[PDB]
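Here's the structure, in structure tokens; my notes come after.
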Amino acid sequence: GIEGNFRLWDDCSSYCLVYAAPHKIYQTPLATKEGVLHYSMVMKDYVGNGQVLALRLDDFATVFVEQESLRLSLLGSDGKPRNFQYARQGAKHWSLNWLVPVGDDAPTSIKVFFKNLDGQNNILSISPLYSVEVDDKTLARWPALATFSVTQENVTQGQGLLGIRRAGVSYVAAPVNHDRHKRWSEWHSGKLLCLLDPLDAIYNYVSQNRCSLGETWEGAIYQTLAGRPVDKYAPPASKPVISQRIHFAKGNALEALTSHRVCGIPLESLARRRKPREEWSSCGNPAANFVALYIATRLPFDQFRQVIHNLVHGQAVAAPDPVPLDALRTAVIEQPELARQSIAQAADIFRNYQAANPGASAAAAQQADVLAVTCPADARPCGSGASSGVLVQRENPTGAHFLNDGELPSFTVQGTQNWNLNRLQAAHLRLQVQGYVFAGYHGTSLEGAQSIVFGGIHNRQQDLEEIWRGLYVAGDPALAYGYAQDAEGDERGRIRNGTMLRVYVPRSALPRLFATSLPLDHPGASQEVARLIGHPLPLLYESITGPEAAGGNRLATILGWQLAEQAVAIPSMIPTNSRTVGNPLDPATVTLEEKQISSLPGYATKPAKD
Ligand SMILES: [Ca+2]
């Protein structure tokens, strides 16, 4: 047993029992290019007399062990204290983990998570990966100078005990080359677990979408450095919610998450770099800037579609102070579509925040944490019972995850770049193998495409009857092509060419892809479509395919947003053209090769069983 200082790797590699005393801090060393360290140990504590144990993680955190909760208490470079609580729910065992990045240009946040366990080392649940931004002094301190320590905060009768098993630290190397933007792109997502042999089982179990997708260092070697850490954990009984809780010191959470959605930038990439290295000139900074500027005018976020339009066309606006409004006007006129994309996303994020936090100000939203929930990519709604004080980011897959290692596509007025007919077929294979089917063509603006393909298909406000809300697609490219452009003209009235996208939905949704012969503008559409799906509109986890409004010689598919948010989109090879904007689709331009992969799903014409 340990009644003083110790050596964790030596003493607790298999088992050691700490006789926690108040008034005594039992300390240990933690000594052992680019990569991740995963410190791990399995705990069984005894705090039966209401003892509270305090485990100092070097200089950056403190874990408090109470009988019914594991509490983490953080200290970044901000100085201010941030506290969290994880419920044990009667569990007597638990794992303590934390992930430290090492490198010259590695991330500047450490992660800390607990797992509740049964007697037999089976996962019962997992905590959020609590992320904590730390200074360069703190980052330099690993792996060689860092220490761990155990103590009891309170004086009680009885004897506080902490039995540690299977203490260890494992390294995993960053991949060779890999553009830094991409290399660490999963540091702030659930997929971080995929870098970790013990836990790679869990993420794959939850999503099913596999760790195959993303920069998850497939070829990496999860290697031990010291002690004897647990090597593998079994998939739990029920599916756990994998989630990362991320903080923003600058109080720019809405700006950041908006950038993330609009531009498809890793939340990690929008955080302190060790080596500053503006390469976010094209999308990142503008989008964030729009949110800041919009906030400064105090305009309701729901009115934004109107507002942006007015500022584009020199129509008045209800702002008392003209200076912030003008700052916005200027930025809006320079990039009216990107302004429209940016504040659309921000609007959705903020609407959700208020649903979890009634009467909360944008200013408050800006200082909230982001809770990146990797959804159980199957059932229905992941984000559930928000911890109040978080912006909930639901992580489903994105088109970009299915693209080759080649130079990533981009959406110019000349057209889609680095996108040939080979990459589409190869990317179509992956989507098939991964259990998706083509649902239809989608036409969007250039900036709309970067949003959808890289940031993912996220719900946006729309000037649509609340009932008919959803992502619109179409079997016939002609119908989608109508919308492959800026939604409206700038101050000169110019409408740029856009981009043609291919939306794919998951195969497992096929029973829920309904079809009617009745026009969607027909009065009795709402009732008939409701009869087909089992509830009144709007559309949840189901699609609807029917005749477009008017005579309309084509079929329009509306994906419900819940389905849409699980849907994925890649670039079509059907080009738009800068000279012909406003014309119909010239069918010469649609290749046969792409036509052959665009067979449509077998729609259902009868309500599901009851
Ligand atoms: Ca692995």
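All of the numbers you see were taken from the coordinates with simple rules; none came from a lab. Cβ: placed from backbone, ideal geometry, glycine included. Neighbour counts: every protein chain shown.
Decide, for region 72-112, between rounded, prolate and oblate: order the square roots of the alpha carbon gyration tensor eigenvalues as a ≥ b ≥ c, take rounded if a/c falls under 1.5, and otherwise choose prolate if a/b is larger than b/c, else oblate.
Oblate.
Among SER77, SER95, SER281, which comes first, then next, by fewest other beta-carbon atoms within 10 Å?
In increasing order of surrounding Cβ atoms, one gets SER281, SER77, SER95.
Using modelled backbone amide H atoms (1.01 Å from N, in-plane), which distant-in-sequence or interchain residues come within less than 5 Å of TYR436's amide H?
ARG507
Taking K and R as +1 and D and E as -1, what net charge do the other residues with C-beta under 9 Å from the C-beta of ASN459 add up to?
0
Can you figure out the FRET efficiency of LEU510 with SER69, using R₀ = 35 Å and their beta-carbon distance, to the nearest 0.05?
0.20
Would you mind pulling out the separation of the Cα centroids of region 343-362 and region 84-133, in Å?
Cα centroid to Cα centroid, the span is 29 Å.
What does the charge add up to near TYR205, with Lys and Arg as +1, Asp and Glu as -1, over the other residues with Cβ less than 13 Å from its Cβ?
Neighbour charge sum, excluding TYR205 itself: +1.
Please find the FRET efficiency linking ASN204 to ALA316, where r is the Cβ-Cβ separation and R0 is fixed at 56 Å, and quote it to the nearest 0.05.
Computed FRET efficiency for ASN204 and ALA316: 0.55.
What is the fewest-to-most order of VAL102, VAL529 by other Cβ atoms lying within 10 Å of their Cβ?
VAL102, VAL529
Please give me the summed charge of the neighbours of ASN396: other residues whose Cβ is under 14 Å from its Cβ, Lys and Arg +1, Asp and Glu -1.
+2
So for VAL291, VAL317, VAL370, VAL47, fewest C-beta neighbours within 10 Å to most, what's the order?
Least crowded to most crowded, the residues run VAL317, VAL47, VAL370, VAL291.
Starting at the first residue of region 235-243, write each ³J(HN,Hα) from the Karplus equation 6.51 cos²θ - 1.76 cosθ + 1.60 with θ = phi - 60°, in whole Hz, x for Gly and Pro.
So the J values, rounded to whole Hz, are x, x, 4, 8, 6, x, 8, 7, 7.
Give the separation of the Cα centroids, region 414-489 to region 511-570, in Å.
Cα centres, region 414-489 to region 511-570: 17 Å.
Give the calculated FRET efficiency between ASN404 and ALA327 to the nearest 0.05, with a Förster radius of 41 Å applied to their Cβ-Cβ distance.
Once rounded, the FRET efficiency stands at 0.50.
Could you give the size of the charge dipole of the chain about its Cα centre, using +1 on the Cβ of each K and R and -1 on the Cβ of each D and E, expressed in debye and rounded to the nearest 20?
For this selection, approximately 980 debye.
With a ≥ b ≥ c the root eigenvalues of the C-alpha gyration tensor of region 162-251, is it rounded (a/c under 1.5), prolate (a/b larger than b/c) or oblate?
Note, shape of region 162-251 comes out rounded.
Read phi for every residue in region 411-423 and hand back ³J(HN,Hα) as whole Hz from Karplus 6.51 cos²θ - 1.76 cosθ + 1.60, θ = phi - 60°, with x for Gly and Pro.
Along region 411-423, the couplings run 10, 9, 6, 5, x, 5, 9, 6, 10, 10, 7, 5, 5 Hz.
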